[PDB]
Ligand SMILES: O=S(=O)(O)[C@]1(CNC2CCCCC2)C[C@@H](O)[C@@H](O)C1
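Here we start with a single chain on its own, the form solved without the ligand, put down as structure tokens.
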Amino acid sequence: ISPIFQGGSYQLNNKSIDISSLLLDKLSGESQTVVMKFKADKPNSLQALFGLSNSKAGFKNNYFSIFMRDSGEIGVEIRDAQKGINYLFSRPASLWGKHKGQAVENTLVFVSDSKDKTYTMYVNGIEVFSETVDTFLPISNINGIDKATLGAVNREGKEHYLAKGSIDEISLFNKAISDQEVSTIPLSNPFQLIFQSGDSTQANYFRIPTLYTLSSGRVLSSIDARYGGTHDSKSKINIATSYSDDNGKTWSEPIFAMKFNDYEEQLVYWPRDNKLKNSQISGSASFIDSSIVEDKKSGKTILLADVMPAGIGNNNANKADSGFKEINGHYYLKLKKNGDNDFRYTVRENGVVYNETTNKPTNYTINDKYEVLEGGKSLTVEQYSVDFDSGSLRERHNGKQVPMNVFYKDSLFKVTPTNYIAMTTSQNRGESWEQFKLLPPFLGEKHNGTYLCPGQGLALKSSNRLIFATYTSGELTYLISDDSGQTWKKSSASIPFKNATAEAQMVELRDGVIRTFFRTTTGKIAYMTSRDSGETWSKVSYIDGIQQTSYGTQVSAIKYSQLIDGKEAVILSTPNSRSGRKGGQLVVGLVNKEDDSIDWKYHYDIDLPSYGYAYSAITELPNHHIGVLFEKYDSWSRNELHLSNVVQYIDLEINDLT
């Protein structure tokens, strides 16, 4: 079906455009599709792009509108006072504003389907909502519609929700076009998706992106594949990876680097209403916060992530217990058996499960995958699936058996309910990953483990040294390996905060000189410096010229390979805002070789100051472009939970930044 109306190049300059004559008598039947290509790089706080209204006295609540907010939220209202219907459907963080300083053409498709009683909205090729109702209201079946309007809604003869922007193309159809037909509509996106809803991970949500450029030129990305909405652990989360061999143009189907099987990998539409949005998968083990590095010596890729046993997050993790027991020099994972009230077992050498009460070995062993064997025979547990069919979250057995893992709720032997760090390696640059190993405790038997800083580890250019930053109360705890990650030692660096989420990322300014940038609770990004390849660390300083919120946001950083303005250059990625996670910037700093101080000379705004930007990953692509994979939404805001396809990838050149 071809359009019943088609128009274009409308400038919305705080003055509505009447298209009633052109459109109203074209609308027929109960199903409609609106296709609109529009720009708004300077939107008003709340504005309507398109309206169908009853403009008469006493019918101010009889209208259909497509509206947007300066937060990037998109939505519709469908209202009829006589029918007593006031529908409002929307999703935050659905829009782009600007890319490389030019207004982005957003492609909006809204489908109003009378047969399925469903309203569906897509923006930039992403389905942002699909709502089914019991009582369907066709958009031109509103009582007394007499105006079709661009850039406002006409209510009682006056202009409401006046817009600033432009509509380059608008088409309407007297049909609810299919999901297939929608897929064929040309897009003008400034971004790409690496991970996305419906891909091989089957997670509907993603958080905590990473990027790392490998020596072969392959670019590797890791991420939290988050199943139970966007909630941190406790939840179900796996670590997924994807790579690009063509400088970020295309990406491989994801595989898992770290995954648990105690709960099904389910693509679930997590509820966003206030009563249910804090529903949380409460009995699954999870991985969270990955970080990547490449080792030149072995050629291996190394990935670490936090590990959380069933039902555990940072909120309830046993502080005061590492989960290991010291036996004269060595660290052994503790285990609690079904029915015991204490942890009377340890995993000794060769995975042998050992009874600490009688110093006796058992017939149980723990394999490489942390699965429980009895006499060489693999034990199993029944898997769980989750659903909201009952009206609340239900977690229940699904009839499938999976290998029994000591991180599981249903396991015969269970680890201490605290946080761990695991490592996995790849010998094929991310085509497959090994079974993970737990790192040993670094701060003692009675200290819970540190938290990995997501993003990149650091491979010093002039040596074999590998470093992963981690954080805990009162310090950064750098984990250092000189033997391809086979053994690790810690290097502790005091910071003047208690309990900070001090997510830290490192750059090598020059041989042996490391600057670490980190999240604080002060509203400023901090930094410290090592001049001996991470053995010792300076006191903490703060960057002026960038603002973060009181709670802070992860910051990513790289040392650029090429000189800028004749100087060594560092690039920082972070929100720049004291209010929320928004106003994303890449900030280019030039190093003063007199004292290694940095002058933050260029600020590149990734999109509008009001549009969301949270955790991020940055890398120098082999062609010297800059790749950025980032949460394009406010991942703190309690209004922006459980959004799909907001972690997005862009390609930039240094001349775009400067």
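Residue numbers here begin at 1 and follow the sequence given.
From this point on, the text means the form solved in complex with the ligand, which you will not see here.
Visitor: Please tell me whether any heavy atom belonging to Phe413 falls inside 4.5 Å of a heavy atom of the ligand, as the geometry stands in the deposited bound form.
Guide: Contact with the ligand, no.
Visitor: Would you check, heavy atoms only and a 4.5 Å threshold, whether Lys42 touches the ligand in the deposited bound form?
Guide: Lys42 lies outside the contact set for the ligand.
Visitor: Though only this chain appears here, would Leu27 touch the ligand in the deposited bound form if you measure heavy atom gaps against 4.5 Å?
Guide: No, no contact at 4.5 Å.
Visitor: So in the deposited bound form, does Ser112 come within 4.5 Å of the ligand, heavy atom to heavy atom?
Guide: Residue-level check for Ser112: no, no contact with the ligand.
Visitor: To verify the annotation, which of these, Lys117, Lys277, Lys297, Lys461, has a non-hydrogen atom within 4.5 Å of the ligand in the deposited bound form?
Guide: Of the candidates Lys117, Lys277, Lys297, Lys461, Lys461 is the one lying within 4.5 Å of the ligand in the deposited bound form.
Visitor: Quick one: from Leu621, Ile66, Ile598, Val35, grab the residue that has a heavy atom within 4.5 Å of the ligand in the deposited bound form.
Guide: Result of the distance check: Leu621.
Visitor: Select, from the options 588-596, 612-620, 48-56, 66-74, the stretch whose residues sit within 4.5 angstroms of the ligand in the deposited bound form by heavy atom distance.
Guide: Careful reading of the contacts points to 612-620.
Visitor: Let me know which residues along 111-138 have a heavy atom within 4.5 Å of the ligand in the deposited bound form, or say none if there are none.
Guide: If the 4.5 Å heavy-atom criterion is applied to the ligand in the deposited bound form, 111-138 yields nothing.
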